[PDB]
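Structure first, commentary second.
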Ligand SMILES: [Zn+2]
């Protein structure tokens, strides 16, 4: 029964998930001045040409676009990563207003939303095993600002009416996640966690410097989703973001000067 309400939101999670107060929690504020350029970081390799999207699901906290991860079809390699990480799903976090919604912040700036492309390390065989390992996941985080529309997002926006409430799913084949990537793959990276319960400390975060732009109409459609099930009282799915957590004994590295 965790969520984003007054009574069950991020400040309460630690009671069921004590790792909430752990040493490598996410998100964090990215202080651009203090991040260190690491000239030995490699370019990211994003290989999404063979991606197979399957379905979109409202899970009561966000919506997930799920992929076939039973073969190396859509993978992330390079950068800070050793080995091959398969895309399993992406989802967003967003606000009730354009001035909030992201999980990571940049010099304390909040974006309207944040996209998370979630990948797991193939050496661990499946996602459930990967989340038990300190190098199990790689999450590509991309900020959204409101401005021009993102054409490559529109297919997602259009299906949202069919998954308004918790537990609803819809077929979602042939969606190309390359259409959600900014021009530049410059990034920050640090070791962290899932940003929802169970908050496991299994993620290498790769946060892109360059935001993508989406339109006010597109983000409005996100805000018409519901946290609740059909036939339950309507609560808009907004402000499904965890705030910045203490950096503790971590250094954020930059791939760029
Ligand atoms: Zn997320």
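Only the coordinates and a few stated rules stand behind these numbers; no lab work does. Note that each Cβ is placed from the backbone with ideal geometry, even for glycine, and that neighbours are counted across all protein chains shown.
So the values come out like this:
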item: Whole-angstrom gap from segment 30-56 to segment 92-139, using each part's C-alpha centre; result: 12 Å
item: Stretchable slack from residue 33 to residue 45, in nm (0.36 nm times residue separation minus alpha-carbon distance); result: 1.7 nm
item: Quotient of C-alpha Rg and 2.2 N^0.38 Å, computed over segment 37-82; result: 1.53
item: Sorted peptide list for 44-54, 2-12, criterion being average Cβ within 10 angstrom, highest first; result: 44-54, 2-12
item: Length gained when the stretch residue 249-residue 129 is fully extended (0.36 nm per residue, less Cα-Cα span); result: 40.6 nm
item: Estimated FRET transfer efficiency (residue 224, residue 97; beta-carbon r; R0 25 Å; 0.05); result: 0.95
item: Equivalent ellipsoid semi-axes, segment 123-257, via Cα gyration tensor eigenvalues times 5, rooted, Å; result: 28, 21, 16
item: Burial ranking of peptide ranges 90-97, 215-222, 155-162 (average Cβ count within 10 Å, highest at the top); result: 90-97, 215-222, 155-162
item: The chain, helix-only ellipticity at 222 nm - DSSP H runs n ≥ 4, -39,500 (n - 2.57), divided by all residues, nearest 500; result: -1500 deg cm²/dmol
item: FRET efficiency for residue 68 and residue 108, using Cβ-Cβ distance with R0 set to 35 Å, rounded to 0.05; result: 0.35
item: Quotient of Cα Rg and 2.2 N^0.38 Å for segment 1-124, N being how many residues it contains; result: 1.22
item: Segment residue 183-residue 232, length gained on full extension (0.36 nm per residue, minus Cα span); result: 13.5 nm
item: Protection proxy ranking, peptides 135-141, 31-37, average beta carbon neighbours within 10 Å, highest first; result: 135-141, 31-37
item: Relative pair counts by distance (%), Cα atoms of the chain, 5 Å bins; result: 1, 6, 13, 18, 21, 19, 13, 6, 1, 0, 0
